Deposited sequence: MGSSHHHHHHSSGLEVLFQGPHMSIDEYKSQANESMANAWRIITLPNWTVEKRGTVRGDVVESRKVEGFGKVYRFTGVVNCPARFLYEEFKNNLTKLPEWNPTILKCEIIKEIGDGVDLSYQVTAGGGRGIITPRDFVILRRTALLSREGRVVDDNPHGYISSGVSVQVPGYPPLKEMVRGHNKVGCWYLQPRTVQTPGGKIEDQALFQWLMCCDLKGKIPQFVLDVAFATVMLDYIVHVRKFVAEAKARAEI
């Protein structure tokens, strides 16, 4: 693919993720331990069943955005569900190609690898790209083919149809009266996985998404402890 085909597909994917993740009327799949954590699903025409995690993380949304944007290769260090992450190429406008290997879930979601086209951007409330004072920070992802990264015989090549991390900044008052920045964290995931029935898939997807947030929160709490935030 040309730079332009990839940049096009990254833009289209980012607009699709933003449109989806802010659609109304979702169904609850699974609640987490932490108050407000939820995995929801919806039918989306041309995607099928999409899943969305929502919950609050105790850090500035910019901090996490910058970690995801600038330190994607370090995700394995703090997230055990991510085995490997490598930047293939960075093609401008916060667009890049990456190779990622994920761990298995309950034995439904097995280890998989992915070739991911991402755009990371700051968005207005209307989903336009801004340079500053964002309404939200987004990192969108879609699977693509990159010559040199064929499917391996020893691992299932996953296909991410649409997905994103979407962070919205929040400033709250603590119980002690401190004012501190927090982030609403949303994650949209839509895969083609077989003939495994949908009800089996729904439990396995929601469980993966709830396991992942544990490691984000641990990463945050370690950052807080070390006065990085």
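Residues of the deposited sequence lacking C-alpha coordinates, numbered from 1, fall in the stretches 1 to 22, 128, 217.
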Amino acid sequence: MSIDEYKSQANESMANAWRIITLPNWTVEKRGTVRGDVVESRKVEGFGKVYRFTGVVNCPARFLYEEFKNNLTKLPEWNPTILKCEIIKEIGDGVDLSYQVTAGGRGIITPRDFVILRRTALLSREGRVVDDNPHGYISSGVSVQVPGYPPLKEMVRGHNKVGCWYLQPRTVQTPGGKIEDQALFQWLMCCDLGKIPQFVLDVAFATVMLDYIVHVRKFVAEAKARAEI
From here on, numbers count along this sequence of modelled residues.
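The stretch with the higher mean CA B factor, choosing between 157 to 165 and 184 to 192, is 184 to 192. Per-stretch averaging of Cα B factors for 173 to 181 and 52 to 60 places 173 to 181 on top.
Among 138, 116, 72, 88, the highest C-alpha B-factor recorded in the PDB entry belongs to 72.
Among the modelled residues of the chain, residue 47 sits in the highest third by CA temperature factor in this PDB entry. In the PDB entry, a CA B factor belonging to the middle third of its chain's modelled residues is recorded for residue 102. Residue 82: CA B factor in the middle third of modelled residues in this chain (values from the PDB entry). In the deposited entry, the Cα temperature factor of residue 23 sits in the top third of values across the chain's modelled residues. In this PDB entry, residue 68 carries a Cα temperature factor that places it within the middle third of its chain's modelled residues.
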